[PDB]
RNA sequence: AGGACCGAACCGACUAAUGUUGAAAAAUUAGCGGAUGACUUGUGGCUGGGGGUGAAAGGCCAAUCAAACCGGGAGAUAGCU
RNA sequence: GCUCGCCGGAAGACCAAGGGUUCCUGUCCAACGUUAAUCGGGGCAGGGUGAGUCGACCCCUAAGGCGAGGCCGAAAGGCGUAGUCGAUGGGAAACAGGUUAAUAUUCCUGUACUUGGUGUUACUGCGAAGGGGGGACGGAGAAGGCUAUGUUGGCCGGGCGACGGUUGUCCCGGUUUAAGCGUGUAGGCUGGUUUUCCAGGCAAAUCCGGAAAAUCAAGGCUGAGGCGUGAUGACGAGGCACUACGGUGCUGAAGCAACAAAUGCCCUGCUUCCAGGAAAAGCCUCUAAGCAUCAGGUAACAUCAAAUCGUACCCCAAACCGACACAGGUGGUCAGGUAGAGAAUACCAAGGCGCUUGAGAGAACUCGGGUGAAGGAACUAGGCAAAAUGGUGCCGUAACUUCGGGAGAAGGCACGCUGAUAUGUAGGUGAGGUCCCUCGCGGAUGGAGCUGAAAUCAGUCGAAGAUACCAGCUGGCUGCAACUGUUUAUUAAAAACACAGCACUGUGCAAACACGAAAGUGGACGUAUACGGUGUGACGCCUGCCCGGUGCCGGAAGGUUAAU
RNA sequence: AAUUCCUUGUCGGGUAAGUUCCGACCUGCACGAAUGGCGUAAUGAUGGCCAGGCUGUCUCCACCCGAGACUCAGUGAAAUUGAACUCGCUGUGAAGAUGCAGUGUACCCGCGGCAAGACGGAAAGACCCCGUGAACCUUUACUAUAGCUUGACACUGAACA
RNA sequence: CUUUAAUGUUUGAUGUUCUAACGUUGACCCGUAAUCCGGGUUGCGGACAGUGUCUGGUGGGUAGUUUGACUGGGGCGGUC
RNA sequence: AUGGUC
RNA sequence: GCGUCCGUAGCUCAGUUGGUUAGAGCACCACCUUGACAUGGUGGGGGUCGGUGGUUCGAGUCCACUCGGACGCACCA
Ligand SMILES: [Mg+2]
Ligand SMILES: [Mg+2]
Ligand SMILES: [Mg+2]
Ligand SMILES: [Mg+2]
Ligand SMILES: [Mg+2]
Ligand SMILES: [Mg+2]
Ligand SMILES: [Mg+2]
Ligand SMILES: [Mg+2]
Ligand SMILES: [Mg+2]
Ligand SMILES: [Mg+2]
Ligand SMILES: [Mg+2]
Ligand SMILES: [Mg+2]
Ligand SMILES: [Mg+2]
Ligand SMILES: [Mg+2]
Ligand SMILES: [Mg+2]
Ligand SMILES: [Mg+2]
Ligand SMILES: [Mg+2]
Ligand SMILES: [Mg+2]
Ligand SMILES: [Mg+2]
Ligand SMILES: [Mg+2]
Ligand SMILES: [Mg+2]
Ligand SMILES: [Mg+2]
Ligand SMILES: [Mg+2]
Ligand SMILES: [Mg+2]
Ligand SMILES: [Mg+2]
Ligand SMILES: [Mg+2]
Ligand SMILES: [Mg+2]
Ligand SMILES: [Mg+2]
Ligand SMILES: [Mg+2]
Ligand SMILES: [Mg+2]
Ligand SMILES: [Mg+2]
Ligand SMILES: [Mg+2]
Ligand SMILES: [Mg+2]
Ligand SMILES: [Mg+2]
Ligand SMILES: [Mg+2]
Ligand SMILES: [Mg+2]
Ligand SMILES: [Mg+2]
Ligand SMILES: [Mg+2]
Ligand SMILES: [Mg+2]
Ligand SMILES: [Mg+2]
Ligand SMILES: [Mg+2]
Ligand SMILES: [Mg+2]
Ligand SMILES: [Mg+2]
Ligand SMILES: [Mg+2]
Ligand SMILES: [Mg+2]
Ligand SMILES: [Mg+2]
Ligand SMILES: [Mg+2]
Ligand SMILES: [Mg+2]
Ligand SMILES: [Mg+2]
Ligand SMILES: [Mg+2]
Ligand SMILES: [Mg+2]
Ligand SMILES: [Mg+2]
Ligand SMILES: [Mg+2]
Ligand SMILES: [Mg+2]
Ligand SMILES: [Mg+2]
Ligand SMILES: [Mg+2]
Ligand SMILES: [Mg+2]
Ligand SMILES: [Mg+2]
Ligand SMILES: [Mg+2]
Ligand SMILES: [Mg+2]
Ligand SMILES: [Mg+2]
Ligand SMILES: [Mg+2]
Ligand SMILES: [Mg+2]
Ligand SMILES: [Mg+2]
Ligand SMILES: [Mg+2]
Ligand SMILES: [Mg+2]
Ligand SMILES: [Mg+2]
Ligand SMILES: [Mg+2]
Ligand SMILES: [Mg+2]
Ligand SMILES: [Mg+2]
Ligand SMILES: [Mg+2]
Ligand SMILES: [Mg+2]
Ligand SMILES: [Mg+2]
Ligand SMILES: [Mg+2]
Ligand SMILES: [Mg+2]
Ligand SMILES: [Mg+2]
Ligand SMILES: [Mg+2]
Ligand SMILES: [Mg+2]
Ligand SMILES: [Mg+2]
Ligand SMILES: [Mg+2]
Ligand SMILES: [Mg+2]
Ligand SMILES: [Mg+2]
Ligand SMILES: [Mg+2]
Ligand SMILES: [Mg+2]
Ligand SMILES: [Mg+2]
Ligand SMILES: [Mg+2]
Ligand SMILES: [Mg+2]
Ligand SMILES: [Mg+2]
Ligand SMILES: [Mg+2]
Ligand SMILES: [Mg+2]
Ligand SMILES: [Mg+2]
Ligand SMILES: [Mg+2]
Ligand SMILES: [Mg+2]
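Chains as they are written, first to last, in the entry's author numbering: chain d, 1 to 46; chain B, 3 to 272.
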């Protein structure tokens, strides 16, 4: 079939990337809710 | 202007409109630009006026709804199929090399010498403002504020007829049958607009919608009642007064409230 | 010339037999429909939960739909087992 | 190692996606592998990814994102001008041979080609933020000219056959050579050239634009492939000295001709259709600003550049998406034979695999299949399933009709091989031979040679000649819907929805109307022959009565009447 | 008739026979003119019916070749399950017995099958009821709202008549 | 006081000419390489229109809830 | 405006 | 099978309009007209307003139920 995950790096870095988390002020709180619980995979940039 | 011969279901009902006066070639190059298909969605990215989207690549042709150059005569060169509007567009060469696009009147060909301005002689093709036109002669490209651009009466085959020149105002009769006051010094153009049989064109099939960019239209009593008032029924039922999607009555209810323009509307269209 | 015909790629999925802790949480084998058009397809961008999109079945929106997914009020309330 | 089998438009040969040592070389079999297991895509360790030319950045953009100021929202913020990014598209350059256990257009071999400055000698007009030309652009269609490509000849070398025959019109291989560089053919486009003047291109223009006169009759562009050079080089039958069964070094004949032919190329060209087919830059031209001969551009030589980054490997699967080493899915590139209309089909070569459990016996029963005496739908809800028809050519073909259709209506007739017509014809191609010559890649007369249908007539084998594989069951009355389409991904594809057409009605433009508290945007850079809403659903014949309820439209003298 | 209940209405073809089909009648329970009437060439993976061709669909099933199922070798699951030394009957009885009461047959234990029972086993039943339980939906159910428009006041000015 | 109508005024309505408040999704010049915006020059409209406050009407566009029990099982009848 | 039937 | 309009002359009628008192069209013909039939007229009987009660002297009439026809049915698989 045509399954759910169809992978693309140039879409993933623009959707769930760090510079995607950049401009949205409601996303700065998301980064500040991952740093302040201390995860290793902060965002899915590589 | 012939019916197409019934070879197969799909050309059984086609009446074309063909015209051999046109240009079988490429448009004039420095007059194009880009008119991309906006797809019926605004900056918020939502469908606001429905049914639109699809079609063919419509390259805009710039066209001069002002005709500002007084005095200088202007020979016509050829005619072309501007795919934006339902008229045809003449290509005009002035006496000093400037080319332009204008609307095509009814009696136009290759060889006419039109002239724009105040002191133009009276013949179809010419333009001149409406305190020198004589009363009764039917005009197109009528402007509502002096110098804006041709705004009234600009379709395939329309006209407006000047009936009275009193004071510092003129009174028209528009193509939708409503009289109208206009400032006595707006820039109108004599004679009608050429391609007078667009209404004879039956398109023929479904495909001539979605080669023109009109999507399907689902009538009201198809839907389920969260999408339109007319829905429901275990079968067919239309037991409610006929409405829009958004609540309002549609079979007659007037919707004009632009009360800053009612100085000029002399009588409504009946 | 064709929203033409018979027909492989390609797209779709009408009937029957397999199989329903199977090779697959929707497929396989013999047959089927369209197949220069209102088509099919790779890339990118746009729309957003009472809102989006709909050639209209309440369909579909991350294997979830007559109101999605996650966290919070919330240890919601329960004459009922 | 050698018998057998399977795909050969795939399960063969590669890349962009995505994964991230899965790649090669030693060593190990405890878990992993659906079995055994010395083997591995498994465990450990070591090696392996070489660029001026090929891909990313890079100059310029399309959708669209952000957006100094700016406008508008309670703050968050929402849009949006100047600008700034965004590939999926435009922009300079390299082809062949050889080597590694595992990389090559990247290293080596002869040969290239472009883009930058700098420095010389010669002549003088250069300029960017604007101007102009150009980049620059659909769908369908037929021909013509070719090529990759294949076949039979020409030649070179080897073979005389496990049993009948095989010194020959006999058997097998081999016949390959690129980029670049002068030439301007098939074929396509445009008439050139000299001069006066102009309100136009945001100011100037000596190029584009537009009036005007003199002439000159072909000037310029475009461009597939052979043709000359590249190239006395490389490759190549091999004979073959070592020789571990690892391979190594010298050597090395032919290297021509015809015929056929693409979906590739001339082709960004031609004809024609209505639904009328992008941008800015690189590339050229043009000027007033100004530098007044220092800069600055244009020719041969010489110099060095040309940095960084990514290149292994799988990439229709065992490495990606599907929890499985999953009968699932995923976009592009190449296209051999004998039949064949053909990328269908049947067997094949180049190439790859026998799908990680087996050895047996020959029960009921079940899955997948081949055959069948008499009858031939009596089966059942129902001809469900199965069987059957099935191609090319010719004669022929009903009611009904919107003149097209119905129609491949229905039914029939010939078909294998051999010989002759013709020792291979009609046709296609085309070498010599000769003539002028406006000259070159010539133009004609010319017919060698090659290739090769289709038909008629005799003759012959079988039970049967479209023999296998592919390859329509036909006809008779109705119900619904005009039709082609589309949806309930994952139990309903239908009579449901759509549609061309008709009709009401709203809207004169800062339109109605929708997404938005608001700026603004769609509507459209559209203007009533246009747009939105509702309803019916081609076309033919038609669309009648009822304004009392209930909507809606028009009236404003009268009674009831809010805030104030 | 896709609408017709009394109904297989009534007649005629089709069949030996025809509750469906085609053609007429009208006593239409309750068609009907743009939520459209009737009609129609072509078309439909469409609804209904008869005919020729064809045969395992069938009367009536027989044989054959292959992948399983049976045996031996290696790897090796899952649903369930209070416990178990787990027979038939007539009767009793949460009222439809392997056990209770009476009676009669039966040496203990495996593989190959058939599927009647153990109210067999996955799903705290969807059907109706109960819930002063909720979601969506409709309206001339109630109560308020966005939007629409009505007048007063401000931004709001002078003369005028 | 029945109840008029002439000098002056006390205050809201009905209409018209003007413009300085506001309007301009009308042209021209500047910031400017700029159609957004802002500055002035003008033309047209103008005491309207547009907007804030209260009030009348309309308002399933949108929202929250209600709709009883008894009953030889419920709805329908009765009954309270 | 009155004037059907035999 | 809530409840309604309701229930009458040889045919449909009106009359409950919060109560008392009897109203028609059509039409059976004897007679007035026309040569002759009606189109016109006098006329006589024809309603305890289905039935049983009560408020009531005065009710066809203000009503609770019974036979008959139309006017609304939802729930239920
Ligand atoms: Mg529309
Ligand atoms: Mg329509
Ligand atoms: Mg529709
Ligand atoms: Mg529906
Ligand atoms: Mg609604
Ligand atoms: Mg109905
Ligand atoms: Mg109805
Ligand atoms: Mg589909
Ligand atoms: Mg289906
Ligand atoms: Mg299949
Ligand atoms: Mg086809
Ligand atoms: Mg087709
Ligand atoms: Mg929600
Ligand atoms: Mg889903
Ligand atoms: Mg909800
Ligand atoms: Mg709480
Ligand atoms: Mg709880
Ligand atoms: Mg609680
Ligand atoms: Mg094979
Ligand atoms: Mg094939
Ligand atoms: Mg490994
Ligand atoms: Mg190894
Ligand atoms: Mg193992
Ligand atoms: Mg082992
Ligand atoms: Mg390996
Ligand atoms: Mg390994
Ligand atoms: Mg190098
Ligand atoms: Mg490159
Ligand atoms: Mg953009
Ligand atoms: Mg912005
Ligand atoms: Mg800002
Ligand atoms: Mg850029
Ligand atoms: Mg790209
Ligand atoms: Mg690219
Ligand atoms: Mg330029
Ligand atoms: Mg083309
Ligand atoms: Mg060749
Ligand atoms: Mg070749
Ligand atoms: Mg031999
Ligand atoms: Mg021999
Ligand atoms: Mg040979
Ligand atoms: Mg070359
Ligand atoms: Mg490599
Ligand atoms: Mg390799
Ligand atoms: Mg592959
Ligand atoms: Mg796979
Ligand atoms: Mg799975
Ligand atoms: Mg395997
Ligand atoms: Mg296997
Ligand atoms: Mg076996
Ligand atoms: Mg057997
Ligand atoms: Mg058989
Ligand atoms: Mg038989
Ligand atoms: Mg036989
Ligand atoms: Mg039968
Ligand atoms: Mg069948
Ligand atoms: Mg078959
Ligand atoms: Mg259909
Ligand atoms: Mg679709
Ligand atoms: Mg389905
Ligand atoms: Mg706009
Ligand atoms: Mg319809
Ligand atoms: Mg219809
Ligand atoms: Mg009507
Ligand atoms: Mg009326
Ligand atoms: Mg009315
Ligand atoms: Mg009114
Ligand atoms: Mg029927
Ligand atoms: Mg009926
Ligand atoms: Mg019936
Ligand atoms: Mg009968
Ligand atoms: Mg009938
Ligand atoms: Mg109907
Ligand atoms: Mg109607
Ligand atoms: Mg179809
Ligand atoms: Mg029968
Ligand atoms: Mg098997
Ligand atoms: Mg077994
Ligand atoms: Mg075993
Ligand atoms: Mg026991
Ligand atoms: Mg018992
Ligand atoms: Mg028992
Ligand atoms: Mg059982
Ligand atoms: Mg069993
Ligand atoms: Mg049971
Ligand atoms: Mg049970
Ligand atoms: Mg329960
Ligand atoms: Mg509600
Ligand atoms: Mg109850
Ligand atoms: Mg009951
Ligand atoms: Mg009385
Ligand atoms: Mg008489
Ligand atoms: Mg039912």
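The C-beta atom is built at its ideal place from N, Cα and C for all residues, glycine as well.
Is the CB-CB distance between residue i and residue j below 8 Å?
i, j, result
"residue 107(B)", "residue 189(B)", "no"
"residue 30(B)", "residue 93(B)", "yes"
"residue 144(B)", "residue 155(B)", "yes"
"residue 57(B)", "residue 215(B)", "yes"
Between the alpha carbons of residue i and residue j, how many angstroms are there, rounded?
i, j, result
"residue 201(B)", "residue 157(B)", "12 Å"
"residue 22(d)", "residue 50(B)", "31 Å"
"residue 217(B)", "residue 52(B)", "8 Å"
"residue 97(B)", "residue 78(B)", "11 Å"
"residue 11(d)", "residue 103(B)", "45 Å"
"residue 163(B)", "residue 129(B)", "15 Å"
"residue 24(B)", "residue 81(B)", "5 Å"
"residue 19(B)", "residue 204(B)", "9 Å"
"residue 258(B)", "residue 173(B)", "21 Å"
"residue 72(B)", "residue 122(B)", "8 Å"
Let me check one thing: in DSSP terms, what residues is residue i bridge-paired to?
i, result
"residue 142(B)", "191(B)"
"residue 163(B)", "140(B)"
"residue 21(B)", "Looking at the DSSP assignment, residue 21(B) forms no beta bridge with any residue, so it has no partner."
"residue 264(B)", "DSSP, once it has assigned bridges, lists no residue as partnering residue 264(B)."
"residue 32(B)", "Residue 32(B) is not bridged to any residue."
"residue 172(B)", "167(B) and 184(B)"
Does the count of Cβ pairs from the segment 56 to 63 of chain B and the segment 31 to 46 of chain B closer than 8 Å reach three? Inter-segment contact for the segment 56 to 63 of chain B and the segment 31 to 46 of chain B is present: three or more beta-carbon pairs are separated by less than 8 Å.
Does the structure place the segment 212 to 231 of chain B close enough to the segment 242 to 257 of chain B that three or more beta carbon pairs sit under 8 Å? yes
Could you give the uninterrupted runs of the beta strand (DSSP E) lying entirely in the segment 176 to 231 of chain B, keeping only those of 3 residues or more? Runs of the beta strand (DSSP E) inside the segment 176 to 231 of chain B: 181 to 185 and 189 to 192.
May I have a chain-ordered list of the alpha helix (DSSP H) segments no shorter than 4 residues that lie completely inside the segment 13 to 44 of chain d? 18 to 23 and 25 to 34
So, do the segment 28 to 39 of chain d and the segment 180 to 188 of chain B have three or more beta carbon pairs nearer to each other than 8 Å? no
Pair every Cβ in the segment 112 to 119 of chain B with every Cβ in the segment 139 to 151 of chain B, then say whether three or more of these pairs are closer than 8 Å. no
Any chance you could list the beta strand (DSSP E) runs of at least 3 consecutive residues sitting entirely within the segment 67 to 127 of chain B, in chain order? Unbroken beta strand (DSSP E) stretches of 3 residues or longer found wholly inside the segment 67 to 127 of chain B: 75 to 82, 91 to 96, 101 to 105 and 115 to 117, given in chain order.
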